[PDB]
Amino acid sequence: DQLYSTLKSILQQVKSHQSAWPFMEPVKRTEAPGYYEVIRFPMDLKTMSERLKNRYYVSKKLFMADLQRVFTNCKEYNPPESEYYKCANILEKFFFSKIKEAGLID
């Protein structure tokens, strides 16, 4: 499917970005105790990859929602001057640029 091919490319490019390291896998309780009592809807790029392979992203408004949740979770949990917050904004920019290059639209 062409939609699948585009999203996989976009996601793979996001996963390769230098600023994607805080979001590759789910937050661990060891890394942030009590995280999962504040962030009701966790999301990460591994979870997104599996969701892509399982064919859950039948639309753009969907792939966007999951990836945006990653950023909003980080901005809600962390302060603006932490490296996690900084990484979210850098990666968000890159993401939106990649969305434009592909002309991905609803």
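Rigid core (definition): largest C-alpha set, two forms, superposition within 1.5 Å. So that there is no doubt, residue numbering starts at 1 and follows the sequence shown.
Take 30-38 and 70-78, fit the other structures onto the shown form by the rigid core, and average the C-alpha distances in 6 other deposited structures of this protein: the farther stretch is 30-38. After a core fit, the C-alpha atoms in 6 other deposited structures of this protein lie farther on average from the shown form in one of 3-11 and 96-104, namely 96-104.
With 67-75 and 31-39 compared on mean CA B-factor from the PDB entry, the stretch scoring higher is 31-39. Annotation for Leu62: C-alpha temperature factor in the middle third relative to the rest of the modelled chain, per the entry.
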